[PDB]
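What follows is upload-v9.cif (mmCIF, C-alpha atoms and all ligand atoms).
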data_data
#
loop_
_atom_site.group_PDB
_atom_site.id
_atom_site.type_symbol
_atom_site.label_atom_id
_atom_site.label_comp_id
_atom_site.auth_asym_id
_atom_site.auth_seq_id
_atom_site.Cartn_x
_atom_site.Cartn_y
_atom_site.Cartn_z
ATOM 1 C CA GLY N 1 3.304 -2.629 -5.755
ATOM 2 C CA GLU N 2 1.741 -3.528 -9.111
ATOM 3 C CA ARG N 3 3.994 -3.821 -12.181
ATOM 4 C CA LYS N 4 3.713 -4.657 -15.925
ATOM 5 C CA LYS N 5 1.894 -1.595 -17.191
ATOM 6 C CA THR N 6 2.593 -2.511 -20.814
ATOM 7 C CA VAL N 7 3.007 0.400 -23.215
ATOM 8 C CA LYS N 8 1.372 0.117 -26.633
ATOM 9 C CA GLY N 9 2.935 1.216 -29.915
ATOM 10 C CA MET N 10 2.527 4.794 -28.735
ATOM 11 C CA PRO N 11 4.883 5.388 -25.753
ATOM 12 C CA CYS N 12 2.391 7.639 -23.968
ATOM 13 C CA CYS N 13 -0.583 5.603 -22.708
ATOM 14 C CA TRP N 14 -0.365 2.219 -20.988
ATOM 15 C CA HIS N 15 -2.599 -0.559 -19.684
ATOM 16 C CA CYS N 16 -1.792 -1.761 -16.163
ATOM 17 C CA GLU N 17 -2.409 -5.340 -15.007
ATOM 18 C CA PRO N 18 -1.275 -7.231 -11.893
ATOM 19 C CA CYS N 19 1.999 -9.157 -11.889
ATOM 20 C CA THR N 20 2.328 -12.622 -10.361
ATOM 21 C CA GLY N 21 1.606 -13.165 -6.682
ATOM 22 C CA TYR N 22 5.200 -14.060 -5.806
ATOM 23 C CA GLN N 23 6.617 -11.195 -7.908
ATOM 24 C CA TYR N 24 7.383 -7.617 -6.892
ATOM 25 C CA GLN N 25 7.153 -4.058 -8.130
ATOM 26 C CA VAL N 26 10.809 -3.505 -7.262
ATOM 27 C CA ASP N 27 11.226 -1.201 -10.267
ATOM 28 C CA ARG N 28 8.712 0.446 -12.576
ATOM 29 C CA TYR N 29 9.369 -2.234 -15.235
ATOM 30 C CA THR N 30 10.739 -5.220 -13.307
ATOM 31 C CA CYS N 31 9.084 -7.998 -11.299
ATOM 32 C CA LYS N 32 11.821 -9.040 -8.884
ATOM 33 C CA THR N 33 10.602 -12.469 -7.655
ATOM 34 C CA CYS N 34 12.029 -12.227 -4.150
ATOM 35 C CA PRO N 35 13.503 -15.655 -3.302
ATOM 36 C CA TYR N 36 11.909 -18.338 -1.149
ATOM 37 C CA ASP N 37 14.031 -17.372 1.878
ATOM 38 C CA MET N 38 11.452 -14.690 2.722
ATOM 39 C CA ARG N 39 7.757 -14.053 1.838
ATOM 40 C CA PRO N 40 6.110 -10.986 0.274
ATOM 41 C CA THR N 41 4.435 -8.663 2.768
ATOM 42 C CA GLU N 42 1.158 -6.752 2.364
ATOM 43 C CA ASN N 43 2.624 -4.245 -0.084
ATOM 44 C CA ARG N 44 4.215 -5.957 -3.074
ATOM 45 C CA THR N 45 7.336 -3.766 -2.694
ATOM 46 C CA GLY N 46 9.963 -4.932 -0.213
ATOM 47 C CA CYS N 47 10.724 -8.409 1.120
ATOM 48 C CA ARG N 48 9.713 -9.735 4.540
ATOM 49 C CA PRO N 49 10.961 -12.752 6.538
ATOM 50 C CA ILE N 50 8.649 -15.758 6.822
ATOM 51 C CA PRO N 51 7.287 -16.518 10.313
ATOM 52 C CA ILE N 52 8.762 -19.642 11.898
ATOM 53 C CA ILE N 53 6.994 -22.390 13.857
ATOM 54 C CA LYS N 54 8.378 -25.253 15.932
ATOM 55 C CA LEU N 55 7.242 -28.167 18.107
ATOM 56 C CA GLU N 56 4.756 -26.406 20.371
ATOM 57 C CA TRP N 57 4.223 -27.840 23.852
ATOM 58 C CA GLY N 58 0.465 -27.450 23.330
ATOM 59 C CA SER N 59 0.274 -29.045 19.900
ATOM 60 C CA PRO N 60 -2.817 -31.287 19.629
ATOM 61 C CA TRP N 61 -0.718 -34.064 18.047
ATOM 62 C CA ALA N 62 1.754 -33.978 20.968
ATOM 63 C CA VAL N 63 -0.617 -34.933 23.797
ATOM 64 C CA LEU N 64 -0.319 -38.724 23.713
ATOM 65 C CA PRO N 65 3.527 -38.542 23.661
HETATM 66 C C1 LIG K 101 -6.774 -36.968 27.774
HETATM 67 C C2 LIG K 101 -5.322 -36.820 27.349
HETATM 68 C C3 LIG K 101 -4.662 -35.673 28.097
HETATM 69 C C4 LIG K 101 -4.549 -38.125 27.542
HETATM 70 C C5 LIG K 101 -5.079 -39.322 26.789
HETATM 71 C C6 LIG K 101 -5.137 -39.105 25.297
HETATM 72 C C7 LIG K 101 -5.408 -40.366 24.461
HETATM 73 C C8 LIG K 101 -6.706 -41.045 24.895
HETATM 74 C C9 LIG K 101 -5.302 -40.085 22.944
HETATM 75 C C10 LIG K 101 -5.683 -41.324 22.090
HETATM 76 C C11 LIG K 101 -6.028 -40.798 20.683
HETATM 77 C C12 LIG K 101 -5.738 -39.301 20.760
HETATM 78 C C13 LIG K 101 -6.330 -38.385 19.696
HETATM 79 C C14 LIG K 101 -5.877 -38.819 18.305
HETATM 80 C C15 LIG K 101 -6.092 -37.759 17.272
HETATM 81 C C16 LIG K 101 -6.440 -36.505 17.528
HETATM 82 C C17 LIG K 101 -6.754 -35.542 16.405
HETATM 83 C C18 LIG K 101 -5.935 -34.268 16.502
HETATM 84 O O1 LIG K 101 -6.325 -33.352 15.470
HETATM 85 C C19 LIG K 101 -6.138 -33.637 17.857
HETATM 86 C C20 LIG K 101 -5.762 -34.601 18.983
HETATM 87 C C21 LIG K 101 -6.534 -35.941 18.943
HETATM 88 C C22 LIG K 101 -8.023 -35.695 19.254
HETATM 89 C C23 LIG K 101 -5.886 -36.933 19.950
HETATM 90 C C24 LIG K 101 -6.107 -36.518 21.414
HETATM 91 C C25 LIG K 101 -5.491 -37.504 22.414
HETATM 92 C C26 LIG K 101 -6.049 -38.918 22.222
HETATM 93 C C27 LIG K 101 -7.562 -38.943 22.498
#

Would you give me this structure, written as structure tokens?
Amino acid sequence: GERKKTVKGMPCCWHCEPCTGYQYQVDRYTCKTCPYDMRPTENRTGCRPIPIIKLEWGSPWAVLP
């Protein structure tokens, strides 16, 4: 769940830094950027649907109506 370990001139030892928040560790060397249709979960690998909210009957801004 943490990509972009960039290899130096020698292809043996790498430095690992976090990718972007909206990006993924889908592959070892690819940040996937899962689309806006669904939000990253706790682990940065694998997409997860966004929770949905609606007009709640107990909404504080729906008392006077
Ligand atoms: C007492 C209730 C059930 C009926 C009468 C409600 C009337 C008086 C209206 C007039 C203005 C209204 C408030 C206007 C704005 C807010 C801020 C919001 O973040 C929570 C609800 C709250 C606090 C409303 C509550 C209901 C309210 C006080």

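Interatomic distance, atom CA of residue 59 of chain N against atom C9 of ligand LIG 101 (chain K): 12.7 Å.
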
Exercise. Taking all atoms listed in the file into account, report as a list in words which residues have an atom no farther than 6 Å from an atom of ligand LIG 101 (chain K).
Key: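 Answer in the requested format: residues 60, 61, 63 and 64 of chain N.
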
Self-check item: Residues in the PyMOL selection byres (((chain N and resi 37) around 8) and not hetatm), expressed as an MDAnalysis selection string
Solution: chainID N and resid 35:36 38:39 49:50

List the residues matched by the PyMOL selection byres (((chain N and resi 42) around 12) and not hetatm) in the displayed structure as a PDB file with C-alpha atoms, in the frame of the given file, ordered by chain and then by residue number.
ATOM      1  CA  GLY N   1       3.304  -2.629  -5.755  1.00  0.00           C
ATOM      2  CA  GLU N   2       1.741  -3.528  -9.111  1.00  0.00           C
ATOM      3  CA  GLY N  21       1.606 -13.165  -6.682  1.00  0.00           C
ATOM      4  CA  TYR N  22       5.200 -14.060  -5.806  1.00  0.00           C
ATOM      5  CA  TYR N  24       7.383  -7.617  -6.892  1.00  0.00           C
ATOM      6  CA  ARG N  39       7.757 -14.053   1.838  1.00  0.00           C
ATOM      7  CA  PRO N  40       6.110 -10.986   0.274  1.00  0.00           C
ATOM      8  CA  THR N  41       4.435  -8.663   2.768  1.00  0.00           C
ATOM      9  CA  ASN N  43       2.624  -4.245  -0.084  1.00  0.00           C
ATOM     10  CA  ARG N  44       4.215  -5.957  -3.074  1.00  0.00           C
ATOM     11  CA  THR N  45       7.336  -3.766  -2.694  1.00  0.00           C
ATOM     12  CA  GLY N  46       9.963  -4.932  -0.213  1.00  0.00           C
ATOM     13  CA  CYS N  47      10.724  -8.409   1.120  1.00  0.00           C
ATOM     14  CA  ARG N  48       9.713  -9.735   4.540  1.00  0.00           C
TER      15      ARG N  48
END

For segment 31-38 of chain N, what centre and edge lengths in Å (one decimal) does the axis-aligned box get once 6 Å is added on each side of all its listed atoms, as JSON?
{"center_x": 11.6, "center_y": -13.2, "center_z": -4.3, "size_x": 16.9, "size_y": 22.3, "size_z": 26.0}

Exercise. Calculate how many Å separate atom CA of residue 16 of chain N from atom CA of residue 3 of chain N, rounding to one decimal.
Key: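 The value is 7.3 Å.
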
Practice problem: Just give me the gap between atom CA of residue 14 of chain N and atom CA of residue 29 of chain N in Å, one decimal is fine. | Solution: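 Atom CA of residue 29 of chain N lies 12.2 Å from atom CA of residue 14 of chain N.
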